[PDB]
Every structure is written in structure tokens, then in C-alpha cells.
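The structure appears right after this line, and notes come after that.
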Amino acid sequence: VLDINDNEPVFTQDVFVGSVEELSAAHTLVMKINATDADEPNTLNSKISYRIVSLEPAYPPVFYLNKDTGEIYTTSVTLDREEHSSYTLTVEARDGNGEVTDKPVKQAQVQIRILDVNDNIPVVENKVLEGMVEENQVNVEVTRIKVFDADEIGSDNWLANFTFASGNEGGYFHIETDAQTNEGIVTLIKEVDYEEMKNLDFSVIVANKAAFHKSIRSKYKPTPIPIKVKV
Amino acid sequence: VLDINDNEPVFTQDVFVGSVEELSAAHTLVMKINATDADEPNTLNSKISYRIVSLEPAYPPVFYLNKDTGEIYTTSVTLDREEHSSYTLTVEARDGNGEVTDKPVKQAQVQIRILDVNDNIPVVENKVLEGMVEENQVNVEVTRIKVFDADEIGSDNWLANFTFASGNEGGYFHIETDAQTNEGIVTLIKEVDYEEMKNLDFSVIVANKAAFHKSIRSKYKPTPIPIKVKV
Amino acid sequence: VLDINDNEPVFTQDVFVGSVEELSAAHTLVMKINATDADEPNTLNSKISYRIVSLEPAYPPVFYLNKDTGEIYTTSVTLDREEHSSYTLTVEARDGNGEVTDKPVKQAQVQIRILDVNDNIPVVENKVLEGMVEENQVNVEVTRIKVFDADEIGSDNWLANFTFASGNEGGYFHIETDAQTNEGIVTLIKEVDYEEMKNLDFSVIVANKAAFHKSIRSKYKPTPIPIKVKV
Amino acid sequence: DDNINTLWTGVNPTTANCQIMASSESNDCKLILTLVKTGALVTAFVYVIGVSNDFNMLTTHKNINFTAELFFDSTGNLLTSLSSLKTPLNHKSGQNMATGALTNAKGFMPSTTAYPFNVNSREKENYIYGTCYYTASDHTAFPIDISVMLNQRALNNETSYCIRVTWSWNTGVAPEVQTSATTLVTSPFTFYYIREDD
Amino acid sequence: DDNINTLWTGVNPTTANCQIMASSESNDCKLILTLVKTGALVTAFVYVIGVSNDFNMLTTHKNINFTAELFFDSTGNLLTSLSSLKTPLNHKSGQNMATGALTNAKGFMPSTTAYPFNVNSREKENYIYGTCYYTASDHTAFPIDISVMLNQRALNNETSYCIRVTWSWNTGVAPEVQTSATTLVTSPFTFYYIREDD
Amino acid sequence: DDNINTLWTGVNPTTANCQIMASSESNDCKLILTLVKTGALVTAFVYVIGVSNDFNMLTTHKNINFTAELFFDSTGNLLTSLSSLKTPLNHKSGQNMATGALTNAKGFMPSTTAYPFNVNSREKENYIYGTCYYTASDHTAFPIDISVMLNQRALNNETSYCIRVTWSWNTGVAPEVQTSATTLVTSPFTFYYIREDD
């Protein structure tokens, strides 16, 4: 028995799942196509020549396939998850000395998820906010900060974290955050005699729960949102 | 007959029309004052000494007049069309050896239009937008993106161009642009069963129809406008 | 009579008032603790060892006390008045050779005000503005620019100054500024025949009455606020 | 002799001498390097010129990063089989590289005293940052962040010095379109480091 | 002799040596240039000091551009009748220009191999970008974009080398007002280029 | 001999040689300075490394400024009792300072012709601006504004030259937290000045 062209190159499964981080550097090892030869080792059919057949969102040339080893890497085109969350990649293994014929072989699908980094600063979907506060009012959740973050809805790169910048030192208010809606529900824990005709103007700072990515840290210059609440 | 001071320097017409581009470099040739002498050539009165008499928006010293040749150039003060669309320039030609007397001469008016460059990024005049969408609704022009661009109302440096950044891949919507109002009229070409209680949140990118100027390209960092449409 | 440990170090008054400018450089001389010894001069008790006991907003290590001379300076941590308007500083003078005992001494309070610089650019609390103008209407104060500035409410670093950028050259309008509310009350001094169906769109520039600080000048790039008024 | 104070790739080599992208089957760009011994420092002067089409098509994308990684042995000679640049550096002969052996090339290397290998307490001293530019077809200068990293890793026992230059941009538009894209050329970048002993 | 490695205008000439603005009837500013032969590169060190009132009034405007354009013949000697700088460069004699003839001035010139004339495929390599500053009267530093352009055009057959420095700002306020405007001085700008053969 | 063209603090001194903060009772940081005579200019190469804990805790704040102030006598020798740097500069002996006396140190000094003392009409020429970086623990580069000021004041009749380097940042977050703060190291900064006569 010789190492003739007598079969198709053998995969371990039809579906390969890899995963790579957003904004990864070039030649970052995404994954590996673990294939094998049913023929004899150290043979021409054992020299497996992998080949990317198809990307389904084919327009950015993001990935590279080492045709000798089957290692899938990132290229100089940098990944952005917020335009393409995941990729599907039809590849085929080929036997022989790299001859390209129309003979069918065994080809597999590859699913590559892109892992999100916190590369987007949350911004408020509302600009002017104001509430009316009376006396014997406490634990009152009257107003909610609209926010918008692009980083993978549901993740900690998307959940708003709030701190008071100025205005609330007596401890009148306290921010909780709604996760199903990403909402800065700010409360009322110290009562105000509404008859006093006073002001409780304050300003907050919006940021994500997780720390920002190293690309956009040092570029984050928060401007305090001036919420004016009249009593 | 000698080349005495016997006449006034001769213009070709009373109204000269030049034109120069916005943000032009210094010593950019705007125009030329084509005058002539009715006296003998190679004479003292033939040595025409042009002189800028008056700018009507006189405060910025924008233009320079080569007093020997009559060529009008730009100076180190850079033109900005969006504060002064055009200029009017009373000039006079003078005979003799540059003697300044109160003797009347022939003086002309110059109109210089400033040609607009796309030096302003369009911004949206509205911040929160949301529409209600029902079933058997199609070709529906329910909502319109307010935009504001400063570059010469009516020009292609002012007409908004829209692309979807994320959210609409199925092909639910499509942006047309109103030119009489500069409006992003976004449509509805794929129906939604309103009973599904779903979301069709998306985000767009606003830019002009013409490409941005080289001064403000590489400074244009578009933040996607998050339009949330509830069905 | 020897220079024994027989008394407490003498202050000139219990309350010292100093003052320092916001964003001052390191080792900026804030103030001086003028104390004296009731004992003999050139003695061990005359060698007064001052000591900062307490800051009440103790978390930023802002000030430094020269323990030999009592001169209070700023440190490398830069002052920001808009988070801490003033500081209170309990200090004590100690006699002897710097021995630390629980023996009581005379300790004073220090109040340090932070003087505001114009380090914040005013921003408008309203985004879309529009008014209706009719004929035989003049001296009409119909609309008011909301603004927000953080620099010490009541000061000239906080009072809005307005200029027209484009739109109003005929002299239709004129901005007054309300100081109790920081409001751009823009007027109507030239009447419009409302029947003309015309437009009087314009755009303004917001800045403080006082000039900006040298830290944020050259970083101030005003975008003209596009107020569209329909007649 | 002032020609021996420069270690450099040549001015405009006829063929590409560097392989930036791993997908490239051969050299895909011209790397222009210059190292000048200025006292106890080296002035380093670097840029890239695109040659291959797949290297030049990077100007059609708005998020790009690429890396020239250079490894040097104990004598300062370039390890071309591990480095992006596949042609060894040499001294000055007019506008061209010289031909002979390298004299005191080790002095051109980043100093292991100032830039040590594998010290976690002193890693921050290995970093240099800067900006170069890409002129577009409409003469728009796009800024490019450059990260130079000195003596970060040794791939083997042969490597004694390491220079990693990383260019990247994250722009709001692609600097070119597919038709207008001609050649990826970066504006030159000059940085300094404390040099090794001769 | 290290005085022959510098080609430069002098330190603070008594009168203006450069005519930036074309409206000026004579020299209106002092141009300070320095060219130092560092190996196979030239370190170039440039700034301007305003002399005339109409040059100093540019600080009262928020959109300014001006240009020092320098042309050099085949030997590297400055063509003063075509250049902004009206005084030829010379070597170092303390804080002043030397007096004699220029030796190997051609080596100070930008290299036509690296920076060729009239090549559309290689035009992007002729560009250098940078930033200097203008200190205001209230000690505010305003950034100034600088575009240096090497070997762009020859006005005639005499011109063999060309250096165009262009300063510009586009600011949100005027750096000065009419009373507070004193003198337009730019912070020094250092760039590098590959130099011509000696 | 090219070792006499450099005046510099040493590469990584064993102990802190500079006292930046006045609250420090002794030297709290290592100042790395390098001055190289490049023609008629000095290339100056500076950064700081934090040693003391109260100097390293500055990375936990978002508004920082600090200053290395250097005074030099008529011969160019450092006045250590008035300067931030408490160890005099010296020439090059490998990676270390030399030991003997200084030869032509006055030539390393900023030129009083270009940078005069106490001239209000020419004060703007005393200013140099720039940017260095601080790498965070998560490899974030934070920009740091640097103001170099030449020949500003003389504290006494002994001072003849003055170099004030001022680093500052005004960031939106603290670069570190109290646990993650390890060491304040600035990326190196290179500037140039016209040097005094030898």
C-alpha cells in the first residue's frame, strides 16, 4: 500500500470553536485546526495543506491561516467587535503536494467569537433632568439617568457606574443602577422641607462598571452632568 | 506731445469679479487688475501704481495688492468664508511716479467671492429620537434626523450623507436625505409584527455628501447616534 | 530661671486665615504661622516645632508645613477648588527639641480659602431653541440661553459672555446676561413683518465674562450654537 | 571617520528588505532604519514604505496595527531569521549600506543597564511613545501612534537586544479608498535611547 | 573642528534677515535656522521671531499660516533672491555666523535619493509634520502645526534643493489682543532628514 | 574622545540623587539627565524615576505637577545646594559618571545670547514645551505636559544658568490606585537648545 491519493483529509469534528479578544495585536494566535491523516505518516498526503475557503462577512481580511500548521492568527487589520460580533469560517484540509483540483475533500466550519473590551465611554441619552422633592419624602426613586454604552449589552463593559462629583455631601441621594435597562436610578435618603425654597443642584460622573480599555484610558475626560433638582 | 500728467489711468471695466478658495495659503493668486494707459508706453504715466482704497468689511487684512502689477493675493491671515462670504474692494490706478495728490482718477470696484470648503462636520440638532412601528406598515417615513452643517447652505459640503453603523442588517430601514431642509428621512421597508414586543435599536453616522477638507479629516471621529425605535 | 519645659508655645491668635489660588504650582507659599515663645530667645523651647495635626478633608495631601518656620506651602498634588472650596487645618506648636509627648500644648485652627480660576468652559443646558416673532414687536426678550459653568457661582469666571457668530448683522437681536440665573436673554430690537415667511437663523458663541485660564486657553474650540428663530 | 557612526538600512533599497505581515510569502515593505551614535545616546530614525499590494491596502481600513520587530545578538549583529527586517544593517557609504564587517555595532544597541531584560520592577523604563503621520492622497495627515519597546524578550539564547516598533492608527475614516490607495508610507519617526557600551 | 558641522543663521541677528510676508517692503522677521550634521542625518532647528508690526499683528487673529521657503543651488549655497531668508547661511564662530566660504555645504542638503524631485509615486516621502508653540502674554501655549516639505519644486535650473517650512494655527480665540500683542515668537522646532552626500 | 561630549547623571544610580518634593527629608527620586553637544546645540534627554513612597503616590492623583530645577555657576558646574539634583553631573565612563574635573562644562549651558536673563521683550524665547508619557500598570500611556524654562532667574550672584523642567498632568482618572501604584516613571523627553560658547 502506497501513499496514493486515495482518501480525503480527516478532521476531528465538523465544528471548531475559537475565541479572540477585540483590538488584539497582529499575529495573535486565535486558534488551531487540529486535523489528522488516515494515511501513513511522513507522506505527501500527511503534509496537510489547510486553506480558508470562505468568510461569511468576507469584506475585512481579518484572519490568517498558517497553511502548513493550521494555526489561525489575527492580521494587521484590527478587530472591532461592535461591527462584527462573530465570524464563521469555512476551511478545508487538502492532501498531496498542494495541487489544486476540483476533487471533493472534507471541509469544516469554524465559529470565532470576538471577546469585548471596554473601548466605549458611556454617554447620557438625556441632557436636562430635574425633579420635584417634597417633605416626608424618603427612599424616593424619582429620576433616572439615561445612559448609552456600546460595549456588548449585558456585560460589565456596558453597566454604568456612577459617582457624585459635587453637590451631594450631606447624603441626600444615592445611585442604584438598573441592569435590564442600564439606568442610573438616583434615590432620596434625606428629607427636605419643601417650604425652604432651596436648591440641591449637583453633578455626576458616568463610567462603566469595568475599567476602561488601555486604548481609551487617558482619553477619558468626564464632564460632570449638572442635574438640578428643585425642592 | 509729451507724457505729461494729462489724463486719468484707464480701466477695462468698472466691475472686476475674482474668486478664491476658503483656507487658501498665503500668496495665493486671487486675481488681476487688467488696466491700461491711454498715454505713450514706457512712460511715467504708463508705470501704473495700483492702490487698494477700501475694503468694505475692512477689519481683517486679508488681501494684498501688488502695486506694480495689480495682482491681488491672499495674505498670512487665512480666509474663513463662514464669517465673510464675499468681499468688495474699491481700488484705484494712479499714473505718475507714485505722487499722492487729491487729483481725481478712475477707480473701480472689485467683487471677490470666497469658495467654500467642507471644513465643518455636520452635527445633529436633535438628541433623542424614537418611533412607533406597527404591522403592515412599509415605505413609512416616520422619523427624520435633524442635522446642522455650516458649510454654505445648498452646497454638497452641507448635504448630509448617512450610513448605518449597527442595528439594521436585515434591511428594515433606508435613509433618504431632504435637501431643502437637510433632513435624514429614514424609512421602513421591512414590516414588523408589532405584537412581538421586540426592539430594533440602531445607530447611524452623519457626514456630508462631499468629502471633508484635509484640515478636518483625521480630526473627524464620529460617534454613532443611537436611535431606539420601539415596535 | 532656666529654659525648662515650663509652659506651652504661644500663638498670636487661635484662628489663622490664609488664601491660595486654584491650580497653583508646587511649593507655592500659602501662608505663615506667626508664633512666639514666652521663654528666653535662642533656647530649646524657642526652637518651635510646628506640626500639622489634622486636615478635615484629610484625603488629598495638599499642603506642606515647614516644621521649622511654620510656612505653609502647596505640594505636588494640585489644588482643584471645584471639589474642595476651602480647607481647615488644626496645627500645634511644640517646644523642646522635638520630643513627642502627650503633654497638652496650645493648638490653633487654620482656614484656607481656595481662590477660583476660570478653568471651566461654559456649556449650554439647552440644545434646541426657537421663538416666534411677529410685527410691531420690539424690545422683546422672548428667549433665554441656558448655560452652565462650574467656576464659583457668582464670580466673573461663571458669568456668561455672548457674541454673535453669524446670522445677525442687521442688528435684529442683542444679548443681555442675567447674573442671578446666568441666562443669555436675547432681545429683539428690529421688527420683522411676520407675513414675510422669512428665516432669521443665527448662531452664537458662549464664553465667560473673565478670560479663560492659561490651562484651558488653546483648548477652547467653540462650536456655534445654532438658534433658529421663525418669524 | 564619521561613516562608522551610523547603522542603517540604506536609502531607498531597490527591493523590499522587511516582512511586516506574516501572511506575506516574501518581503512586502521597505524598512528605513537609521541609528546614529550621538554621545551616550542613539538617535533612531525609522519609517516604512509599502511595496506589496496587501501591505498597501491597509490604508483602506480605519483600525491598523503593524510591527517591525528586531533582534540582535551579543555583538549587535541583526538576527535576520527572527527579525522583520531580513537584511543586516551596515555602515554608511554615501546613500548606500557599506559592505564589510561591522565595527563596534554593540555600541548601537539599547543599554541593558537602562533597559533590562525581564525585570518587573523596572518594566516601565522599556517604553517609548510617539507619533508619525500618513499623508493621504488629498494631502491629509493622519496621526499614527508609535510604541517602541526596548529589550522586552529573547526568543532564544542568541538574542541579546530587542527593538519592537509598533505603528497603529484608529481613525474615524479610512485614509484612502480602494481606487485612491497607492502606497503606505509613514512619516519618519525619531526617538532616542541610552546606548550600550562599545 | 566641530564648527564646520553647523550651518545656521546666527544667534539673534541685529536686524531681520527674512521676509516672510509678501506685503512687507523689506525684511520683517528674524529666521533662526540651524542645521547639524548628525551622522547620515541633518538635525534641523528652526523658529521665527517677529520684527515688523504687521508680522507681529498675526497673533491677534485665530487663523494664521505663513511660510519660510528656502532654495539651494548645486553646491548647497542659499539662493537669497528667491528664498524667504535674505542672508546666506554660514558656519559657527561662537554665537555668530562665520565669514569665509562654505565647505561641504552640499552635505547639509536634503537627499535627492530619499527626497526626489517630481516623482508622483514617491511624493509622500517628501513630507515632515510637527508642532511648535506660541506662548501668549498670559503664558498660554498655543499649538502651531508645522509642515516641512523637502525638494518639492525648482523655480529655475539654479535650484537644486528646497526646504519649505509652513507654520499655521487654527485656534478658537486669538492668542493676543491688539494692546497685548508684543512679538510673534514660535517655540523651536527640531526635525530630521536624510542628508545629501558631501 | 567622545566621552567628553556628554554631561549626565549616570545610568540608574544606586540611590536617589534628586529631591523633587520639598516635603521630602532626603532624596526621593532618581533624575536621569543627559546633555550631548550636537554641533551648536545641546540635545537634552531627561526623565525621572520615583524612589520614595510619597513620590510614587502621585500616580494615585489626577492633577500632578512637579519640578526639577537646576542652577549652574559661571563654569557650568551644578549648584547642588540650590538645585533639585543633589549630585553634580560628569562625563561618560561607560554606563557611569566619570570621576575627575569637568572640562568645558560651560559649553553645555543654555546660551545667554539666545536665552537672556531678565529681558521682558525677549522672554518668549526662554520657553520649550513638550510631552512625555507615564505607562500605567495596565500599559496605558498617560500624556504628561513638560515645560522647560531656560535662564529664568538667578537666586544669587553664583547662578549663571538655569534649567527648570516641569512635568504635569491633568487627567480624567488617576493613572493608578493605591494598591496598583508601584513607581512613578516618566518616559524620556528630548529637547534642544542653543548652547553657550565653550
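Each chain in the C-alpha cells gets a letter, A, B, ..., in the order shown, and its residues are numbered from 1; ligands are numbered from 1 in order too.
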
Requested in this report: Would you list the contacts of region 110-127 of chain E as a ChimeraX atom specification, taking every protein, DNA or RNA residue within 7 Å and counting only C-alpha atoms, but skipping same-chain residues closer than 5 positions in sequence?
Outcome: /D:11-12,135,185,187 /E:148-153,161,193-196

Please produce a file of the residues just selected, as a JSON list (two decimals), in the first residue's frame, where the atoms kept are N, CA, C and O atoms.
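Here's the written file result-v1.json:
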[["chain", "number", "residue", "atom", "x", "y", "z"],
["D", 11, "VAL", "N", 19.41, 54.03, 1.84],
["D", 11, "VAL", "CA", 18.38, 54.96, 1.40],
["D", 11, "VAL", "C", 17.72, 54.37, 0.17],
["D", 11, "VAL", "O", 18.38, 54.21, -0.87],
["D", 12, "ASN", "N", 16.42, 54.08, 0.28],
["D", 12, "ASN", "CA", 15.60, 53.51, -0.79],
["D", 12, "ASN", "C", 16.24, 52.27, -1.41],
["D", 12, "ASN", "O", 16.79, 52.36, -2.51],
["D", 135, "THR", "N", 0.44, 60.82, 5.09],
["D", 135, "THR", "CA", -0.19, 61.77, 4.18],
["D", 135, "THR", "C", -1.14, 61.00, 3.28],
["D", 135, "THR", "O", -0.78, 59.97, 2.72],
["D", 185, "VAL", "N", 3.08, 54.89, 3.21],
["D", 185, "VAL", "CA", 4.34, 55.49, 3.63],
["D", 185, "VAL", "C", 4.08, 56.24, 4.92],
["D", 185, "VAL", "O", 3.17, 57.06, 4.99],
["D", 187, "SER", "N", 5.46, 58.89, 7.84],
["D", 187, "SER", "CA", 6.42, 59.95, 8.06],
["D", 187, "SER", "C", 7.49, 59.45, 9.03],
["D", 187, "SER", "O", 7.22, 58.58, 9.86],
["E", 148, "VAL", "N", 6.88, 70.68, 7.03],
["E", 148, "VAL", "CA", 8.16, 70.83, 6.36],
["E", 148, "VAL", "C", 8.10, 69.98, 5.10],
["E", 148, "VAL", "O", 7.68, 68.82, 5.14],
["E", 149, "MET", "N", 8.49, 70.57, 3.98],
["E", 149, "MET", "CA", 8.37, 69.92, 2.69],
["E", 149, "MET", "C", 9.72, 70.00, 2.00],
["E", 149, "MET", "O", 10.28, 71.09, 1.86],
["E", 150, "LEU", "N", 10.25, 68.86, 1.59],
["E", 150, "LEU", "CA", 11.62, 68.76, 1.12],
["E", 150, "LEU", "C", 11.64, 68.44, -0.37],
["E", 150, "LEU", "O", 11.01, 67.48, -0.80],
["E", 151, "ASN", "N", 12.38, 69.25, -1.13],
["E", 151, "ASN", "CA", 12.61, 69.05, -2.56],
["E", 151, "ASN", "C", 11.30, 68.96, -3.34],
["E", 151, "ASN", "O", 11.05, 68.00, -4.06],
["E", 152, "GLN", "N", 10.46, 69.98, -3.18],
["E", 152, "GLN", "CA", 9.17, 69.97, -3.86],
["E", 152, "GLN", "C", 9.25, 70.50, -5.28],
["E", 152, "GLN", "O", 8.79, 69.86, -6.22],
["E", 153, "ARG", "N", 9.84, 71.68, -5.45],
["E", 153, "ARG", "CA", 9.86, 72.27, -6.78],
["E", 153, "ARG", "C", 11.18, 73.00, -6.98],
["E", 153, "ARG", "O", 11.84, 73.36, -6.00],
["E", 161, "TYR", "N", 17.92, 72.20, -4.35],
["E", 161, "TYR", "CA", 17.32, 71.70, -3.12],
["E", 161, "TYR", "C", 16.32, 72.71, -2.61],
["E", 161, "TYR", "O", 16.43, 73.91, -2.87],
["E", 193, "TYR", "N", 16.29, 65.00, 8.61],
["E", 193, "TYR", "CA", 16.17, 64.41, 7.29],
["E", 193, "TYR", "C", 17.44, 63.68, 6.93],
["E", 193, "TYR", "O", 18.50, 63.89, 7.53],
["E", 194, "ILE", "N", 17.33, 62.79, 5.97],
["E", 194, "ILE", "CA", 18.49, 62.12, 5.41],
["E", 194, "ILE", "C", 19.22, 63.11, 4.52],
["E", 194, "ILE", "O", 18.62, 63.74, 3.64],
["E", 195, "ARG", "N", 20.51, 63.26, 4.74],
["E", 195, "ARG", "CA", 21.24, 64.34, 4.09],
["E", 195, "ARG", "C", 21.89, 63.87, 2.79],
["E", 195, "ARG", "O", 22.10, 62.68, 2.56],
["E", 196, "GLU", "N", 22.23, 64.84, 1.96],
["E", 196, "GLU", "CA", 22.89, 64.57, 0.70],
["E", 196, "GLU", "C", 24.35, 64.21, 0.98],
["E", 196, "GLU", "O", 24.86, 64.44, 2.07]]

Requested in this report: Counting only C-alpha atoms, collect the residues of chain B whose closest atom lies at most 7 Å from chain D, and write them out as a PyMOL selection string.
Outcome: chain B and resi 214-215+217-218+220-222

Selected residues written out, N, CA, C and O atoms, as a PDB file, in the first residue's frame:
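Final output, saved to selection-v3.pdb:
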ATOM      1  N   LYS B 214      -9.116  68.576   3.991  1.00  0.00           N
ATOM      2  CA  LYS B 214      -7.903  67.988   4.537  1.00  0.00           C
ATOM      3  C   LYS B 214      -7.503  68.587   5.875  1.00  0.00           C
ATOM      4  O   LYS B 214      -6.670  68.001   6.572  1.00  0.00           O
ATOM      5  N   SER B 215      -8.062  69.736   6.246  1.00  0.00           N
ATOM      6  CA  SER B 215      -7.805  70.288   7.567  1.00  0.00           C
ATOM      7  C   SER B 215      -8.532  69.501   8.650  1.00  0.00           C
ATOM      8  O   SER B 215      -7.988  69.285   9.736  1.00  0.00           O
ATOM      9  N   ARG B 217     -10.335  66.376   8.064  1.00  0.00           N
ATOM     10  CA  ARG B 217     -10.089  64.945   8.018  1.00  0.00           C
ATOM     11  C   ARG B 217      -8.894  64.625   8.904  1.00  0.00           C
ATOM     12  O   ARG B 217      -7.994  65.451   9.079  1.00  0.00           O
ATOM     13  N   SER B 218      -8.921  63.425   9.490  1.00  0.00           N
ATOM     14  CA  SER B 218      -8.101  62.912  10.592  1.00  0.00           C
ATOM     15  C   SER B 218      -8.474  63.529  11.931  1.00  0.00           C
ATOM     16  O   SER B 218      -7.960  63.086  12.960  1.00  0.00           O
ATOM     17  N   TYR B 220     -11.925  63.901  12.396  1.00  0.00           N
ATOM     18  CA  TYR B 220     -13.334  63.531  12.389  1.00  0.00           C
ATOM     19  C   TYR B 220     -13.446  62.159  13.030  1.00  0.00           C
ATOM     20  O   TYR B 220     -13.008  61.157  12.464  1.00  0.00           O
ATOM     21  N   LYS B 221     -14.017  62.117  14.231  1.00  0.00           N
ATOM     22  CA  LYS B 221     -14.194  60.884  14.989  1.00  0.00           C
ATOM     23  C   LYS B 221     -15.676  60.722  15.265  1.00  0.00           C
ATOM     24  O   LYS B 221     -16.170  61.174  16.307  1.00  0.00           O
ATOM     25  N   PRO B 222     -16.431  60.093  14.366  1.00  0.00           N
ATOM     26  CA  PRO B 222     -17.890  60.071  14.506  1.00  0.00           C
ATOM     27  C   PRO B 222     -18.328  59.156  15.640  1.00  0.00           C
ATOM     28  O   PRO B 222     -17.843  58.031  15.778  1.00  0.00           O
TER      29      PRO B 222
END

Query raised in the report: Near residue 116 (chain C), counting only C-alpha atoms, which residues have an atom at most 8 Å away, once you skip same-chain residues fewer than 4 positions from it, shown as a list in words?
Result: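 Skipping anything fewer than 4 positions along the chain leaves residues 21, 22, 81, 151, 152 and 157 of chain C.
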
**Report entry** Residues of chain F within 6 Å of chain D, only C-alpha atoms counted, as a VMD selection string
**Finding:** chain F and resid 6 36 94

Query raised in the report: Taking only C-alpha atoms into account, what are the residues of chain A at most 9 Å from chain C, put as a VMD selection string?
Result: chain A and resid 127 to 128 165 to 166 226

Output file for the selection above: C-alpha atoms, as a PDB file, in the first residue's frame:
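To be explicit, this is the file written out as selection_39.pdb:
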ATOM      1  CA  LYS A 127     -29.436  66.097  28.651  1.00  0.00           C
ATOM      2  CA  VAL A 128     -31.701  68.055  31.028  1.00  0.00           C
ATOM      3  CA  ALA A 165     -18.777  64.885  41.548  1.00  0.00           C
ATOM      4  CA  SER A 166     -20.212  67.800  43.549  1.00  0.00           C
ATOM      5  CA  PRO A 226     -25.357  69.001  36.007  1.00  0.00           C
TER       6      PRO A 226
END

Requested in this report: Determine which residues of region 161-198 of chain F DSSP labels as strand (DSSP E) from the backbone of this structure, then write them out as a PyMOL selection string.
Outcome: chain F and resi 161-170+189-194

Limited to C-alpha atoms, could you put the picked residues into a file as a PDB file, in the first residue's frame?
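Output saved as part36.pdb:
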ATOM      1  CA  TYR F 161      22.484  79.377  34.089  1.00  0.00           C
ATOM      2  CA  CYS F 162      19.102  77.880  34.897  1.00  0.00           C
ATOM      3  CA  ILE F 163      17.097  74.917  33.596  1.00  0.00           C
ATOM      4  CA  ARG F 164      13.623  74.369  35.024  1.00  0.00           C
ATOM      5  CA  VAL F 165      11.868  71.196  33.890  1.00  0.00           C
ATOM      6  CA  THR F 166       8.233  70.948  34.958  1.00  0.00           C
ATOM      7  CA  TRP F 167       6.197  67.789  34.481  1.00  0.00           C
ATOM      8  CA  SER F 168       2.454  67.920  34.990  1.00  0.00           C
ATOM      9  CA  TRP F 169      -0.686  66.006  34.189  1.00  0.00           C
ATOM     10  CA  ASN F 170      -4.367  66.888  34.428  1.00  0.00           C
ATOM     11  CA  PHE F 189      11.961  63.648  26.989  1.00  0.00           C
ATOM     12  CA  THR F 190      14.357  65.066  24.424  1.00  0.00           C
ATOM     13  CA  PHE F 191      14.613  68.778  23.782  1.00  0.00           C
ATOM     14  CA  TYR F 192      17.217  71.046  22.234  1.00  0.00           C
ATOM     15  CA  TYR F 193      18.717  74.390  22.964  1.00  0.00           C
ATOM     16  CA  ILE F 194      21.364  76.673  21.548  1.00  0.00           C
TER      17      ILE F 194
END
